[PDB]
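Computed from heavy atoms alone, side chains included, the values below leave out hydrogens, waters and symmetry copies. A note on names: the letters A, B, ... follow the listed sequences, proteins ahead of strands, and every chain is numbered from 1.
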Amino acid sequence: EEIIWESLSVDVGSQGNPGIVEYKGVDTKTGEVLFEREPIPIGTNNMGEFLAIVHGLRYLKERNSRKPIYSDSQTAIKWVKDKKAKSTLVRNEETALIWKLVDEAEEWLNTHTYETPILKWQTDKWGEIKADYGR
RNA sequence: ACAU
DNA sequence: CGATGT
Ligand SMILES: [K+]
Ligand SMILES: [K+]
Ligand SMILES: [Mg+2]
Ligand SMILES: [Mg+2]
């Protein structure tokens, strides 16, 4: 079981959980940063991981790329498979923004198709995912 | 327990 | 140490 180097890797970074959430996607082989989401004032780690995968799906579809996506998040990979983010985060004014983004990401999954493999990054064998924030 |  | 998740 070896790394698929021709892939996109995503990760979340946060200040608090729940807290400020950002995410980015990188070329697994080179580390080149391909997209970075503006920090969201309040969210959860798993909402960020979910949004990062869905943004990766949208990024690769727009560019007609068949590359797989690596995520280290068991939770987010399942949420994407399910097309349903089962977050416990309260819905209030402070969490409105991230919940809007999560709702819209689910909506995108329910109205689009993709063949993109979404693969578990095996941190125990390979070290930190290439998109890691190092926090 | 596993993944963050 | 605490929080998010299956
Ligand atoms: K980190
Ligand atoms: K736990
Ligand atoms: Mg991660
Ligand atoms: Mg990380």
Hydrophobic cluster membership, A/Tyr70 vs A/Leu60, 4.5 Å side-chain cutoff
no

With a 4.0 Å cutoff (strictly under), does any side-chain N or O of [X] reach OP1 or OP2 of [N]?
{"X": "A/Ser73", "N": "C/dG5", "answer": "no"}
{"X": "A/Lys86", "N": "C/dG5", "answer": "no"}
{"X": "A/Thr123", "N": "B/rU4", "answer": "yes"}

Can you pull out the residues from residues 42-55 of chain A that lie within a 4.0 Å heavy-atom distance of RNA chain B?
A/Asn45, A/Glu49

Neighbours of RNA chain B within residues 4-25 of chain A, by heavy-atom distance under 4.0 Å
none

Distance check needed: [N] [atom2] versus [X] [atom1], whole Å only.
{"X": "A/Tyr70", "N": "B/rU4", "atom1": "OH", "atom2": "P", "value": "14 Å"}
{"X": "A/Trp126", "N": "B/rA3", "atom1": "CH2", "atom2": "P", "value": "14 Å"}
{"X": "A/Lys125", "N": "B/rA3", "atom1": "NZ", "atom2": "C1'", "value": "12 Å"}
{"X": "A/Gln74", "N": "C/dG5", "atom1": "CD", "atom2": "P", "value": "14 Å"}
{"X": "A/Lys120", "N": "B/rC2", "atom1": "NZ", "atom2": "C1'", "value": "9 Å"}
{"X": "A/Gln122", "N": "B/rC2", "atom1": "CD", "atom2": "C1'", "value": "14 Å"}
{"X": "A/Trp121", "N": "B/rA3", "atom1": "CH2", "atom2": "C1'", "value": "16 Å"}
{"X": "A/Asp82", "N": "C/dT6", "atom1": "CG", "atom2": "P", "value": "9 Å"}

Working to the nearest 0.5 angstrom, can you tell me the gap between [X] [atom1] and [Y] [atom2]?
{"X": "A/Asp11", "Y": "A/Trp121", "atom1": "CG", "atom2": "CH2", "result": "11.5 Å"}
{"X": "A/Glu32", "Y": "A/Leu8", "atom1": "CD", "atom2": "CG", "result": "11.0 Å"}
{"X": "A/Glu49", "Y": "A/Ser14", "atom1": "CD", "atom2": "OG", "result": "9.5 Å"}
{"X": "A/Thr95", "Y": "A/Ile42", "atom1": "OG1", "atom2": "CD1", "result": "8.5 Å"}

Under 30°, 30 to 60°, or over 60°: which ring-plane class applies to A/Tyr59 and A/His55, parallel, tilted or perpendicular?
tilted

Do we get A/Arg37 above A/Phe35's six-membered ring, with its NZ or CZ under 6.0 Å from the centre and within 45° of the axis?
no

If you measure from the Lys or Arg side-chain nitrogens to the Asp or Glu carboxylate oxygens, is any gap between A/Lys84 and A/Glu106 under 4.0 Å?
yes

Any carboxylate oxygen within less than 4.0 angstrom of a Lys/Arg side-chain nitrogen, looking at A/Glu104 and A/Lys100?
yes

